[PDB]
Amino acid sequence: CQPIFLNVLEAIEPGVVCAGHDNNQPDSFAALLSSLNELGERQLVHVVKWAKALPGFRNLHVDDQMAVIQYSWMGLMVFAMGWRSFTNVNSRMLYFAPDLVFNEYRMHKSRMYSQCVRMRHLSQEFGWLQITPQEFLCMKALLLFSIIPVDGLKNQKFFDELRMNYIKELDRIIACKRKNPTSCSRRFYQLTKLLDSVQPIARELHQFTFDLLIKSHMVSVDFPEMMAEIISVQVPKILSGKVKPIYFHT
């Protein structure tokens, strides 16, 4: 047969994205956070292009297409970063970009060490669970449809249909080589648990970037155009409970 769905995810997977960080300069909270913010701006461009190219994505109302991306970019970017860390330096450090690799010192200079530890842990989960490149791809796609407003989307039905189909695909990726039920059942359990763990991490980073935006001018931290807008219009909706993640387990 032909792995049509997987052929697609693989084909549309974004390439390498650098942050343009000056590693020849001593680490500073301002320089580091400003470099992460610009990396977010650059990655967002690739996330938009990636999403628009996902199977069925254009079925969503245009307003919803923008909404899911605006709400999920953090989890998506954190997830992809954890995988990069796992496969490049084996989770030893957080591989944000080839030119922005965090060691313990940078994790501390960034003033978000605790959040970094969790991201490093998630990164290790990729190794502990032996996540395959294909499971990573489908799990990441599912993360784009994992957070919605409690009041529902413009066209909620189309979204529900899309999310269901991506869960179905994740389910068949699990039953490719496995020919045992308790086996597939166990794997699905582990992955959904893994997907859920991304949410608390994104929440912390959402709170952290929000507070940073509010007083960025006082700490010399620069927020690019799209980042500043999304963080002050969309992120608050999340922090105030108007928009929530979809958890598999509670």
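All residue numbers are counted from 1 along the displayed sequence.
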(message) Comparing average C-alpha B factors as deposited, tell me which of 235-243 and 20-28 sits higher.
(response) 20-28
(message) If you take the mean CA temperature factor per stretch, which one wins between 62-70 and 185-193?
(response) 185-193
(request) Pick out which of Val47, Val221, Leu39, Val198 has the highest C-alpha B-factor in the PDB entry. (result) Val221
(message) So if I compare the CA B-factors in the entry for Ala80, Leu100, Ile174, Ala141, which one is the largest?
(response) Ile174
(request) Would you mind checking where the Cα B-factor of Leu153 ranks among the modelled residues of its chain, as the lowest, middle or highest third? (result) highest
(request) Divide the modelled residues of the chain into thirds by Cα B-factor and specify which third, lowest, middle or highest, holds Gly75. (result) lowest
(message) Which third, lowest, middle or highest, does the C-alpha temperature factor of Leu162 belong to within its own chain?
(response) middle
(message) Quick check on the deposited entry: does the C-alpha B-factor of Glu104 sit in the lowest, middle or highest third of its chain?
(response) middle
(message) Considering every modelled residue of the chain and its Cα B-factor in the PDB entry, is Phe145 in the lowest, middle or highest third?
(response) lowest
